[PDB]
Amino acid sequence: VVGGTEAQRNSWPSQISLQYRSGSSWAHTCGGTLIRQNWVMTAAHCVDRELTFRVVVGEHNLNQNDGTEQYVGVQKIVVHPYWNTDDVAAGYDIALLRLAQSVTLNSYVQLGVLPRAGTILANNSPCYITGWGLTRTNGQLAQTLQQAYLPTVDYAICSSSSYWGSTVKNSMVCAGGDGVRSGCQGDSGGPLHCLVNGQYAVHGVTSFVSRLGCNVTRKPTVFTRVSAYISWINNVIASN
Ligand SMILES: *[C@](=O)([C]([N]C(=O)[C]1[C][C][C]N1C(=O)[C]([N]C(=O)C1=[C][C]=C(C([O])=O)[C]=[C]1)[C]([C])[C])[C]([C])[C])C(F)(F)F
Ligand SMILES: [Ca+2]
């Protein structure tokens, strides 16, 4: 997150860290959202890769023992069947991960609230991106979980030529584009939390940014629209 602030440790309890094995160690690669005690929602591009993964729930600081983490294996990966490798603009950038165990819930570990199917946010709706991604274009991961306020940019504006044009589809959410705040590498797969009728729900799965940088004016961060995939999600869970 470029232009982030440190999240309180109990603000975003559905955020997870998706990590890959690196020798003797584990490295954060993507975010995700805990959606069942044994299921995580992330981006397809995070997991359509030759890596071995684990999930950390109750994670705040990637570099320090928080005393709240649960570390769990990834047992099954279900990428959306219409995802195309290395092709974010074609959409379908979503995957579900069945965890090797069911995590226990607490103020640091909660299921993400998902929107009802079909729900679309009014332009300029209040949302926060969260994650440990780069804090500057070509920078480094955050240590502590970051948040940034990214108001939505509706499809009509976002798909206009001054914004993303035809790159953006109606199965995506755009948010931000102020030139200061954005997602950046390592935020991918995490939640976009939007406040509607007094409740935060996870409306987006972080997907991609501009070829010119992370924080680029009129190039909002782009997310998979969760509410377009409710039936898909439910079918995967029910079949696995
Ligand atoms: C995420 O944390 C990360 N996402 C990305 O880096 C994604 C994954 C593929 C590359 N990518 C990008 O965001 C890149 N953009 C594009 O590849 C792209 C831009 C424009 C168009 C188009 O048609 O208009 C098509 C593709 C940029 C250049 C890095 C963050 C940024 C959410 C992780 F991948 F894990 F790093
Ligand atoms: Ca930690």
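In this chain, residues are counted from 1 in sequence order. When reading the values below, keep in mind they use all heavy atoms of this one structure, side chains included, and skip hydrogens, waters and symmetry mates.
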Problem set entry | side chain to side chain donor-acceptor pair (under 3.5 Å) involving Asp93 - partner list, sequence neighbours excluded | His45, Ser207

Exercise. Parallel, tilted or perpendicular: which describes the rings of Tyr128 and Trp12, with under 30° parallel and over 60° perpendicular?
Worked result: tilted

For this session: Check the side chains of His60 and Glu6 for a donor-acceptor pair under 3.5 angstrom, ignoring hydrogens and angles.
Result: yes

Exercise. Would you say the side-chain atoms of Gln199 pair up with the backbone N or O of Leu195, donor to acceptor, closer than 3.5 Å?
Worked result: no

Exercise. Hey, what do you get for CG (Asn123) to OG (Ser125), rounding to the nearest 0.5 Å?
Worked result: 7.5 Å

Exercise. Does any N or O in the side chain of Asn63 come within less than 3.5 Å of the main-chain N or O of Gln143, such that one atom is a donor and the other an acceptor?
Worked result: no

Problem set entry | Value rounded to 0.5 Å, distance of CG in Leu192 from OH in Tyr200 | 10.5 Å

Seminar exercise, completed: Here the gap from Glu59 atom CD to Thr68 atom OG1, rounded to the nearest 0.5 Å, amounts to 7.5 Å

Exercise. Taking the side chain from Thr137 and the backbone from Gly213, do they hold a donor-acceptor pair closer than 3.5 Å?
Worked result: no

Exercise. What residues, two or more places apart in sequence or in another chain, satisfy side chain to side chain donor-acceptor pair (under 3.5 Å) together with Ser231?
Worked result: none

Problem set entry | Spacing of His203 atom NE2 and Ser227 atom OG [to the nearest 0.5 Å] | 7.0 Å

Exercise. Is there a donor-acceptor pair under 3.5 Å between the side chain of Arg225 and the backbone N or O of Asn170?
Worked result: yes

For this session: Classify the ring geometry between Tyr82 and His80 as parallel (under 30°), tilted (30 to 60°) or perpendicular (over 60°).
Result: tilted

Problem set entry | Derivation and outcome, side chain to side chain contact (heavy atoms under 4.5 Å, CB included), residues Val205 and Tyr229 | CA-CA 11 Å; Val205 177; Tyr229 293 92; over 6 Å; no

For this session: Check for a donor-acceptor pair, side chain of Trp132 on one end and backbone N or O of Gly186 on the other, with a separation under 3.5 Å.
Result: no

For this session: Spell out, as yes or no, whether a donor-acceptor pair under 3.5 Å connects the side chain of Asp66 to the backbone of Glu69.
Result: no

For this session: Using modelled atom types only, decide if a donor and an acceptor are shared between the side chain of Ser14 and the backbone of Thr33 within a distance under 3.5 Å.
Result: no

For this session: Check for a donor-acceptor pair, side chain of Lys76 on one end and backbone N or O of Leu99 on the other, with a separation under 3.5 Å.
Result: no

Problem set entry | Backbone of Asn215 reached by a side-chain donor or acceptor of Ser182 within 3.5 Å | yes

Exercise. Going from OG1 on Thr42 to CZ on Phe53, what distance comes out if it is rounded to the nearest 0.5 angstrom?
Worked result: 8.5 Å

Exercise. Atom CG of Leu121 and atom SG of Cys127: how far apart are they, to the nearest 0.5 Å?
Worked result: 5.5 Å

Problem set entry | Main-chain N/O of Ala44 paired to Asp48 side chain as donor or acceptor, under 3.5 Å | no

